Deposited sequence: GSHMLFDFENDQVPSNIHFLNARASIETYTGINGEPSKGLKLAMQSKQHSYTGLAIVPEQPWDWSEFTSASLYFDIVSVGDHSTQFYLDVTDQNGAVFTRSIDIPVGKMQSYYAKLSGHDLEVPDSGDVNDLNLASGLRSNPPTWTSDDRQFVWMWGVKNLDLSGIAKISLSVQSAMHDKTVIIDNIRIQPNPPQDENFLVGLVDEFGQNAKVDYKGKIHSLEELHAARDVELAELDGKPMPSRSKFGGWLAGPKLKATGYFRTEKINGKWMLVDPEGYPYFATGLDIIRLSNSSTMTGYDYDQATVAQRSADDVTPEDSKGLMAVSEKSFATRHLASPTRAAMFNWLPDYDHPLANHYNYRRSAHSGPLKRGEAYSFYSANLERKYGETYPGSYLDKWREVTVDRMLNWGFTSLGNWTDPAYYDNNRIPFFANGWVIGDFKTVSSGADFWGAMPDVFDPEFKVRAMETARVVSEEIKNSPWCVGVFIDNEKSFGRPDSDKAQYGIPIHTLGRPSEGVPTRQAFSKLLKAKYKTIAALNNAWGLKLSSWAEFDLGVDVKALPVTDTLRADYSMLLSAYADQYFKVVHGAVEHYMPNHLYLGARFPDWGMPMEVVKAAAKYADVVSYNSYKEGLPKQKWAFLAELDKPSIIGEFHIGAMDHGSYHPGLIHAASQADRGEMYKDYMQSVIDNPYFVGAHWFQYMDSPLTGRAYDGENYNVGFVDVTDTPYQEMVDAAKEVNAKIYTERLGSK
């Protein structure tokens, strides 16, 4: 194709810029086995949470002739750690896409990111409904995995090519060579055909541990069941705390306390407690859209009062009447599957049906859970559905064997009386209340928390959670909601997106806007004072109260101060209402906040949670908890919990490793241990939960197409032994590390 950088002139090129990284040209051994010159990039990524290089041509490259082509890099890690690279490609209009992949130590390989062609011809997926696809051609090269952003850049002007390492726990070093563009090979018209075998596995790729028959599955089951004796790790108290104490005052419920400078939970009997475990201990998210649909008059409709969003509903039992009306809605989906059972087949009962979807080519449709089918294959039936009871018992035996102290978030309520391991409960506050927007809402619109109907719904949410947990001492506490779009950290406008978007609306029929207006009047009194403040020329408060377009205003210190007031009042009201509901129906139990992702934790909102929540919860998909990124915790002095993290890999058939990437199954375990060490060393954290128990389906979970290697078990319900070992290493030292 077209060689951009081969480094053979021994220069570090002046249009490649470095950020917290040292670059030089070094002879190394390339893919063709010959010594060659490459760019050695030693990133100072232990110290700095963003490191990397950026190629910035003096004028954007005009690549418009490349109508079907990819960008290639030869890359390899050097030293002790694999490197997850983020590739960010930015065009001359500011449009960006992000791909990512693991870069192992050892053998150099070629990595490519498509610029145009093939499968590039709130939907983070490719057309298929997979977050990232199998390759559209066969080669030994590795495809950069799709993450997010604009599929089709303006190729007549590529402005920036960025490779970065972010929030690492270690210095990372790579060698890079042969940066080039190549036309795409012809597209394999079968690239999405026959992806899945009868077990839910990658049909086209054999890999270590793959199941090739029913008897191998039974052999896997027999080996494991032989080792599970139901026994907890040593010195765990009844409720999974630390028997060696010091023993503290016992209240009969889980609670928080600072134990010699380190925040802890304290179990119902008074023993120090630290929460470890897995999220999604349920079957709801294990189904994948098959491509078929049913007659709508055969489908039960959602009640408007239901507290449970569609994504979190139990797998729906599909009726024979429904199945009789089966028709093809997506040929592309349907051709993915080598095996799906007839309605007559004993495994037909693992069909599901979703009535909505966040992302993907179908808004609704038939889905099949291969994991669930494999439970039945593994454990059989001694009575209808007995494989589900057996799954739960095995699941609990596993967690105790593996040393986990809890069942994490989104545990099926059938586990809530297990009375062998504590669990975390959850509810979602959903309904018909009025909404507001941040201007970039990810999962859905934000609630208008000043609408009385929002409180009516928070109350019903808590009521139902309360009826599920039956005031049990086994419930560590209650998460409410998840990853709400309180505002992105990219810029002041993004962060204050809720105030900005809401200010643009009228006060009439917008209760959050009325609350905001009240605060600004009390601050400024007259319209002329507000005019001076905001640089506006409004004729009256009445005019102000019709809505003002402040999106257009650059954010000044005055504007920032006013937006901060408004966002604080919004978050205060949210947490106040949710906390009041939880305390009303579950007065004994901890309220665990709203699970802030890195893209939705503006400090005004964190502060509001620290006021009402007993434990502030954050989701953090990174290689660990970097010092500077989490220094703000000292200010709040609140016990905190990681609700989600994970590390995935692509050596066990998955097309997508997940959010954070390892070189292999063993490397996943090593990265789990590094992540958990950073939680364990942090004095504000009282636990961390891994998302999630099982891999997502190879062809994408029905809700939004995530198709990640993020399980402790694969589609066949076989544990990843490298993850088991890493969890046991961690779980053996959680208490000795925190207490001494």
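Legend entry - Sequence order list of spans that the model leaves without C-alpha positions, deposited numbering: The deposited sequence has unmodelled segments at 1, 123-129, 749-750.
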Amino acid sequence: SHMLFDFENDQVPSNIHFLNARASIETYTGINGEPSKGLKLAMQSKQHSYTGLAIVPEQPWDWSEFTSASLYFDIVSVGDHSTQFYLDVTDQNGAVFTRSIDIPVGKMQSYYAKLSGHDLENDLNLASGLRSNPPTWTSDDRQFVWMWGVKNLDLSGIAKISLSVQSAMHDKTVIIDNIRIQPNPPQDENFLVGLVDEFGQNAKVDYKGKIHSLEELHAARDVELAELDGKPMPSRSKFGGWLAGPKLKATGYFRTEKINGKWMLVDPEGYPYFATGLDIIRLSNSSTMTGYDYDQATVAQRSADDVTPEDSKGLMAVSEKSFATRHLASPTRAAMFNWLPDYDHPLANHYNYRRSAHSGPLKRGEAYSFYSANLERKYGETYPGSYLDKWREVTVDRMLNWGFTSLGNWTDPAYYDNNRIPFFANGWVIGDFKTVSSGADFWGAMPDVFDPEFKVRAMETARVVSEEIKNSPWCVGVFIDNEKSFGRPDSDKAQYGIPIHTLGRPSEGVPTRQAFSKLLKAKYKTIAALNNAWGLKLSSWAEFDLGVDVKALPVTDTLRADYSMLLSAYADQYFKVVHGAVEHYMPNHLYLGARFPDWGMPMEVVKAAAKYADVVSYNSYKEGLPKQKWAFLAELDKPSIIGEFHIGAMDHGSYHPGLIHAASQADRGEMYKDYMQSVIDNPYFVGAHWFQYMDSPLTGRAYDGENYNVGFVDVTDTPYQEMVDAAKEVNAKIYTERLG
From here on, numbers count along this sequence of modelled residues.
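Inset, instruction - Between 382-390 and 183-191, name whichever shows the higher mean Cα B factor according to the PDB entry. - result: Comparing 382-390 with 183-191, the higher average CA B-factor belongs to 183-191.
Inset, instruction - Using only the Cα atoms and their B-factors as the entry lists them, report which of 73-81 and 420-428 averages higher. - result: It is 73-81.
Legend entry - Residue of maximum C-alpha B factor among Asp651, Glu121, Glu467, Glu623, per deposited coordinates: Within the set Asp651, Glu121, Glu467, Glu623, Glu121 shows the top C-alpha B-factor.
Inset, instruction - Would you mind checking which of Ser678, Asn709, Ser64, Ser49 has the top Cα temperature factor in the PDB entry? - result: Within the set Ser678, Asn709, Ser64, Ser49, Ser64 shows the top C-alpha B-factor.
Legend entry - Where the record places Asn531 (Cα B-factor, split into thirds across the chain): Within its chain, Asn531 is a highest-third residue by C-alpha B-factor, going by the deposited values.
Inset, instruction - Divide the modelled residues of the chain into thirds by Cα B-factor and specify which third, lowest, middle or highest, holds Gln721. - result: Within its chain, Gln721 is a middle-third residue by C-alpha B-factor, going by the deposited values.
Inset, instruction - Determine, from the deposited record, the chain-internal third of the Cα B-factor for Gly38: lowest, middle or highest. - result: Answer is middle: the recorded C-alpha B-factor places it there.
Inset, instruction - Would you check the entry's CA temperature factor for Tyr28 and let me know if it's in the chain's lowest, middle or highest third? - result: Highest third - that is where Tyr28 ends up once the chain's C-alpha B-factors are sorted.
Inset, instruction - Report the third (lowest, middle or highest) to which the CA temperature factor of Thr435 belongs, ranking only the modelled residues of the same chain. - result: For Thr435, whose C-alpha B-factor we compare with every modelled residue in the chain, the answer is the middle third.
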